[PDB]
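What follows is a single structure, written as structure tokens, with notes after it.
Note that the chains take the letters A, B, C, D, E, F, G, H and I in the order they are written out, and that residue 1 is the start of every chain.
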Amino acid sequence: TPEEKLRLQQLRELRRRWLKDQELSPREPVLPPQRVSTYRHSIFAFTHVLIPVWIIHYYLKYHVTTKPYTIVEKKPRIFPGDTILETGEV
Amino acid sequence: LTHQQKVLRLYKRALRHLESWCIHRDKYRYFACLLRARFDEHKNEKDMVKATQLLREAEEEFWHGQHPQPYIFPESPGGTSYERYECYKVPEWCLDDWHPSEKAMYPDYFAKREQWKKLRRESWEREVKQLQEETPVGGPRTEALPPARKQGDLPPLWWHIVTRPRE
Amino acid sequence: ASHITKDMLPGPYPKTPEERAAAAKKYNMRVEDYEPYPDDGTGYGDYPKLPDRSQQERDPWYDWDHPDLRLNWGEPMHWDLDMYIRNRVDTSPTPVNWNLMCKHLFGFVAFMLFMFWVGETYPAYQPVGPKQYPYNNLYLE
Amino acid sequence: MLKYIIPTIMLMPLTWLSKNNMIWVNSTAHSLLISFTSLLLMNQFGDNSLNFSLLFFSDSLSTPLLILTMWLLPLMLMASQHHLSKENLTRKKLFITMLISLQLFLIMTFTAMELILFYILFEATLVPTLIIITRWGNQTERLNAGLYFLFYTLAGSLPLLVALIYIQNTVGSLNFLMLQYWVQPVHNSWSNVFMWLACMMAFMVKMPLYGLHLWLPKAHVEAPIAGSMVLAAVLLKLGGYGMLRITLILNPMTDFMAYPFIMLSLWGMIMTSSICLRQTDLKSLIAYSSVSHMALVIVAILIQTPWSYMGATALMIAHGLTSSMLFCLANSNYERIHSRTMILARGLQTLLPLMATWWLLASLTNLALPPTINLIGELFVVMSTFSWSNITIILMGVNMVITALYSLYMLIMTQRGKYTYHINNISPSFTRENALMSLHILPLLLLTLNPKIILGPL
Amino acid sequence: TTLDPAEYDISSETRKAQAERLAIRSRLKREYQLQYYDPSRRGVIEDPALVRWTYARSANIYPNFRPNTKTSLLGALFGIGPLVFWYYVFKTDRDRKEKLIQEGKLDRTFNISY
Amino acid sequence: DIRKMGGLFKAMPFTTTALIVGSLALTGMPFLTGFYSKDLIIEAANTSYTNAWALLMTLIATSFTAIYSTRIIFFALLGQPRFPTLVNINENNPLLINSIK
Amino acid sequence: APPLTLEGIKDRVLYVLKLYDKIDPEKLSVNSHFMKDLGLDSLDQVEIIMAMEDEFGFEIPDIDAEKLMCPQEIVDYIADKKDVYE
Amino acid sequence: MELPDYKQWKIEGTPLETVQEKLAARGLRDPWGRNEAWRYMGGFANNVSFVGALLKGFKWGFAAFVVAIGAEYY
Amino acid sequence: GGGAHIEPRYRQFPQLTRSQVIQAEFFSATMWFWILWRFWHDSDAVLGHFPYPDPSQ
């Protein structure tokens, strides 16, 4: 169809005209504005882990014997390496 | 839809569901003319019932042989990652509520916006009233005179003319 | 603050042509088969004259369909008929009404009988009669 | 005690006595303070409950329940402020007075020391509530909500006063709950059913069964500006606790007929939540939540055997907040867009980003994620009501499904693209929008840390 | 299964006199966009089909109702019916379970809860 | 889409070695990683009271473990290149190669 | 992020249309009016957009077929879809 | 930037594109010929097939097999 | 913008970095070398063989 001649070719100079207005980056258009103001980097891992490791254990050493039955750790599973003979090997 | 162009909507999709069936890129290509042969077998004859059997029996042999999970052209009426990006969607007219110190940024851009409005500030007196002249009573599809006879500003301004982009 | 005659009044008929369209145009000509008829099985107060029902079903289909918007987003001015099940329903599939799933879901039901047997590997079937003996048969020692 | 009624009545001429617009901030300032007094002498025992006067034991009872009641007052003036700023000050002085005039009785009730101060104060509201519904409505259907709100509440609560005056002169004196130490049982007759039925049905008509709730959405759909008294009417309802003071005793031994109140509300619990899915009006959609997991307490209370009261108490104040707060969201989002029709508001979550996490934490506490109070208030229900009969796991197990599709469909309706035609909705939730919407999720989840302060005696 | 759904049928040429089924709609989308395009609006549109969608659905039935047809006395088969059933199921239990709790002991002695 | 993929080597040297290692591994573990996982099952519990169907049923599923792999291998890594022009592919990606390795 | 310009679209469209041996590559490119190379009613208009989808690949809407008379018209609005030249 | 230039492929090769001869018993023939033949040629004619695809040279296998076998070795 | 560091392809089949593939190929050994010890020393089954329990005596 021919009829779209006078139309939407205005849009080509209208849409692409808005989009023309759109793109801007001089003068740092984030002002920002105001204001002021790796080896070590050895305490960042320390402020990370070494603060808790202290705090968490201070809640344990002072603790495990406080609770009547706290952490339940299991038996040694003794093997005939202490008081025993084998005696086989059979 | 006018009886003339009714085969197009089939002629568009006919080969479409084909390619998702074929695998090799030549396979689609090799069957092109071969299956293209069937169209012009009767090239020039009646528009009415005589050739309506080119429409009539086109129903079967198409729907039969349909749904081999077609290739969907991802950004489109359906299929994956089509409408995907809404996390922007460009809510045009976000420029209202600010409390400046948020308006320090893009000063050149705030300058440009208020310059667009002057068109839409007053384009109306002949923009709206011409639509009272243009459409006599019950007019079908509603666009103005394509120019609006001197300068359209936009006229469709700005909702369709400034509308939202994709990224 | 719509003043007079907001919604349906006591239909189904008073002047089917008086309603659609006085306001609320469901049908154009008062017969589109959109005339404010579909009071099928009345005496149920449900859906009175209602510039409304049985207009067809299975979805707004949400595709290009682009006069302006036309379906579920963009809200054409006034068609609204029946809704609210329309955001969890679509159209025609490729096959039609084949329950082969009840077939396949019962396909294993064939192997129910395969349950009543066992799979014991050793020894083989070796057609037997009284050779079976899962544990013991005759004397212990 | 007078530590409370006296300052809160002292509030009353803290308001009009003031100047022009200083009024709101004047009373909101003080009204918070009383909360220090609220805890102050309260949260004593514990064991062998507190009774400090002849006709008052404020709350001992392990039904503390009173601290909330003193919260919601200076949550109103932050709530109610929106469109009430548009009429005169001598009327605005009123609406703050009657609203207090409610708050004064809810301190009187929950203590009451007895049955017969309860009742006359149990019916002593409906003077202040009815006046807030009919005036300052919105639609014109309000005028019928005025009647329906009576003619039920009052309709069958008169048979109380026929019954409670029947007990007073039968066995000793009802003057005091804390003396039941003589109670004979109720065996059977065609008279005693009625007694038990008269001493009960008045309470049901407040916390609805699936019958005779016909009023509850009639009053809430159309109701004052902010939910201004709609927050209060979600306190009033749950305050039917007093069935906890009776049915524990005072005809203990008729469970014989319990079943028509079990199977009637137990199949409604699976029901009216399901008639809530297709609702097109948002302040309706929440109003039917309020029936549902409220009406679960009525199968918690009738059954004896605690682990229900462990779980029945946590529920009265469970949705006491969540079901409160939702009426606070749907208000705000209505300020900007003047339809209450749920459809119309879509394409939010872009335009009000901070209010995203507000919907979520609300709609997440109907889901009842395990850690919060909500489940630890439901999973003491299921544990005893399972032992009743094993089959209760099904229906009330279904409740835990339809309610999840229920909640989300309300949020996920507000995640969509809609720019559509709205030039409104500019305001990015000025602080009160997000301030009064807080002071719920902060105090709510918080209690899960030391949740022994919400529990019954059992 | 649900449904054909009749993607082909009879036609051609009868009912080609049926036209202006679009003139019904074409009027509005002209008028609707005549509504919808204007510089100064800032607000929602009436959209009557929605006003007549709820108000002819929620209200406007008990007004329209009549208690006559025995397909509207149907509900006794629906509303009350299963509510009797759930009584029949339970009341047998809570008893069958009770009788045993007296004569004979089903439980163990490490059940304190309850 | 498994259509419009192409063959094994067009500037994808390393990633296509990641497929044919793993997508080999999942196939029943000849000497590889899960050699103690899928392999120690049908050789151990397979001596038991088994339903004499799963034995039929499961081991047949083991077959498709091949055609699972080889299908998405042969359409993507095998056939002639098919996909629209202007394809920018760059696999030199410190923040990626660091991860697979 | 991928850079796009208005030259390639004048080239690419010129390109494959000059690839088809059905068209001599002396023929007009930007404006032939395509009605000289419309033969016949079908097997041109929908025929030519069969290949051009194989490179960009968005949907080629139906009602945009009748814009395809002008060979500058096809390239014209493909700029407006994918957000092309300023 | 003019890189997508024509007058380039114009099929000679491609035993899969020799079906133009196969269809010449009916005939079309090629047109449009070179679209599906865009990348049909070039280094895309090799496309290593079966196990040699999954051998990748079998490089270190039979050269490095005894690399540990063996130094004492008794 | 960002940079030109690689241009795209018109199906001229872009070039590799030449440390891209070799650095990878050393991990084509780790499957072909680590497959060494399969048959050395292990057979199709290392088992022991059931000797047909003939002594029913």
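To be clear about the criterion, contacts are C-beta pairs under 8 Å (C-beta built on N, C-alpha and C of every residue); 3 or more make two chains touch, one makes a residue touch a chain.
Here's who's who by UniProt: A = NADH dehydrogenase [ubiquinone] 1 beta subcomplex subunit 6; B = NADH dehydrogenase [ubiquinone] 1 beta subcomplex subunit 9; D = NADH-ubiquinone oxidoreductase chain 4; E = NADH dehydrogenase [ubiquinone] 1 beta subcomplex subunit 4; H = NADH dehydrogenase [ubiquinone] 1 beta subcomplex subunit 3.
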| item | value |
| --- | --- |
| Intersection of contact partners for subunit E and subunit I | none |
| Higher-contact pair (C-beta pairs counted), F-H versus B-F | F-H |
| Distance from the mean Cα position of subunit I to that of subunit B, given in whole angstrom | 51 |
| Centroid spacing, where centroids are CA-atom means, of subunit C and subunit E in whole angstrom | 13 |
| Distance between the centres, which are taken as Cα means, of subunit G and subunit C, whole angstrom | 43 |
| Residues of subunit A engaged with two or more neighbouring chains | 4, 11, 15, 19 |
| Subunit B residues counted as touching two or more neighbouring chains | 24-25, 36, 77, 165 |
| Residues of subunit F engaged with two or more neighbouring chains | 17, 24, 79-82, 85-86, 88 |
| Complex contacts: residues of subunit I adjacent to subunit H | 10-13, 25, 28-29, 32-33, 35-36 |
| Subunit C partner contacts - residues on subunit F that touch it in the complex | 46-53, 55 |
| Subunit B residues within the subunit E interface of the complex | 52, 59, 63, 120, 123-124, 128, 131, 135, 138-142, 156-157, 159 |
| Contact footprint of subunit B on subunit D as seen in their complex | 350-351, 417, 419, 423, 426-428 |
| Residue ranges of subunit F touching subunit B (in the complex, touch as defined) | 1, 3-4, 75, 79-80, 82 |
